[PDB]
Amino acid sequence: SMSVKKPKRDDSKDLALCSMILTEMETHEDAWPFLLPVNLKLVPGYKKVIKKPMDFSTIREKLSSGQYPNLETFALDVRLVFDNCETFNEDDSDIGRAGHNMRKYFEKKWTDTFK
């Protein structure tokens, strides 16, 4: 509350460390469904159904331009990519499996770097 604060966690490396995680996600062999925004002209149903599209190149641009206020808003966009994927793709599909794999890969790196 006013003039009452928990001890200050060092967040000075968070930007660099999110960048590193994101590089690892970009270079994973199962990243291909997620590298670029889904083409809303060429994929029927996507625009209407997925209210907030997100992809790794959009997260990279937001990160590089100071549009994440803190490490939690970064994680929320990464998770949005996978939540969107599950919304639109059957689990038993190459893309559906890719999303599950990448979400696991992310959540481990996230826990190991920050928890």
Side-chain angles (χ1 to χ4, degrees), residues 1-7 9-12 14-114:
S1 66
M2 198 182 332
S3 308
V4 185
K5 289 304 168 318
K6 297 197 187 52
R9 186 202 167 250
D10 180 17
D11 67 341
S12 61
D14 286 1
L15 186 61
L17 282 159
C18 292
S19 188
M20 287 172 58
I21 297 169
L22 181 58
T23 296
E24 295 166 356
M25 275 193 312
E26 293 167 334
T27 60
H28 193 294
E29 73 164 291
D30 299 340
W32 59 266
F34 314 112
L35 295 175
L36 300 176
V38 174
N39 182 335
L40 303 177
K41 301 173 195 294
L42 305 180
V43 180
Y46 210 85
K47 189 170 199 307
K48 186 64 179 273
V49 173
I50 301 294
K51 302 299 176 182
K52 289 177 68 163
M54 190 51 58
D55 68 282
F56 296 167
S57 77
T58 302
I59 295 174
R60 171 70 73 192
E61 183 66 33
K62 286 179 69 168
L63 195 60
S64 293
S65 65
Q67 295 188 62
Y68 293 117
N70 56 55
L71 84 168
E72 302 301 336
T73 61
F74 170 85
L76 279 168
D77 266 357
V78 174
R79 290 170 182 143
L80 176 61
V81 171
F82 309 125
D83 291 348
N84 289 346
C85 182
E86 276 199 52
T87 293
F88 210 79
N89 293 266
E90 277 294 344
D91 297 340
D92 188 11
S93 67
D94 295 273
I95 292 171
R97 285 183 283 279
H100 287 292
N101 285 356
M102 293 298 305
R103 181 191 306 270
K104 186 93 183 166
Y105 188 71
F106 173 67
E107 291 304 347
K108 167 113 152 82
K109 301 282 184 182
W110 191 249
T111 295
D112 291 357
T113 304
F114 295 118

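Atoms considered below: every heavy atom in the structure, side chains included; atoms not considered: hydrogens, waters and symmetry mates. One is the number of the first residue; the rest follow in order along the sequence.
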Taking every non-hydrogen atom, the tightest pair across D91 and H100: OD1-NE2, 3.2 Å

Does the side chain of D30 reach to within under 4.5 Å of the side chain of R97, using non-hydrogen atoms? no

Can you sort out the partners of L76 under side-chain contact (heavy atoms from CB on, under 4.5 Å), two or more places apart, ordered by chain and number? none

Got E26 and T23 here, is their nearest side-chain heavy-atom distance under 4.5 Å? yes

If hydrophobic clusters are built by linking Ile, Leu, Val, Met, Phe, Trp and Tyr wherever their side-chain heavy atoms come under 4.5 Å apart, do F114 and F106 end up in the same one? yes

Closest non-hydrogen contact found for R79 with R103 is O-NH1, 4.2 Å

Are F34 and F82, when compared by the centres of their aromatic rings, separated by less than 6.0 Å? yes

Output the distance between atom CG (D14) and atom OG (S19), rounded to the nearest 0.5 Å. 12.5 Å

So CD1 of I59 and OG of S64: to nearest 0.5 Å the spacing works out to 11.5 Å

Please check: side-chain N/O of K5 versus main-chain N/O of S1, any donor-acceptor pairing under 3.5 Å? yes

Could you grab the distance from atom CD of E24 to atom OG1 of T113, nearest 0.5 Å is fine? 7.0 Å

Indicate the atoms forming the closest heavy-atom contact of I21 with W110, along with that distance. CD1-CE3, 3.9 Å

Using the six-membered ring of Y105, assess whether NZ or CZ of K109 lies under 6.0 Å from its centre and within 45 degrees of the ring axis. yes

Which atom of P44 lies closest to which atom of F88, heavy atoms considered: O-CZ, 3.5 Å

Cluster question for you: counting only ILVMFWY and a side-chain heavy-atom cut-off of under 4.5 Å, with indirect links fine, are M54 and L40 together? no

Could you check whether atom CD of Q67 has more than 12 heavy atoms from other residues, nucleotides or ligands sitting under 6.0 Å from it? yes

Counting only N and O atoms by type, is there a donor-acceptor contact under 3.5 Å from the side chain of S93 to the main-chain atoms of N89? no

Honestly curious: do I95 and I50 fall in one hydrophobic cluster under the side-chain, below-4.5 Å linking rule? no

In a check of side chain to side chain contact (heavy atoms under 4.5 Å, CB included) between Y46 and each of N84, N39, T87, which one passes? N84

Restricting to non-hydrogen atoms, name the atom on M25 and the atom on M102 that form the minimum distance, rounded to 0.1 Å. O-CE, 3.5 Å

For the residue pair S57 and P37, what are the closest heavy atoms and their distance? OG-CD, 3.6 Å

In terms of hydrophobic clustering (I, L, V, M, F, W, Y; side-chain heavy atoms under 4.5 Å; direct or indirect links), are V81 and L36 co-clustered? yes

Would you mind checking if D77 and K62 are paired as a salt bridge, meaning a charged N to carboxylate O distance below 4.0 Å? yes

Short side-chain donor-acceptor distance under 3.5 Å, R60 and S65: no

Does a donor on one side chain and an acceptor on the other come within less than 3.5 Å for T58 and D55? yes

So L15 and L63, do their side chains get closer than 4.5 Å, heavy atoms only? yes

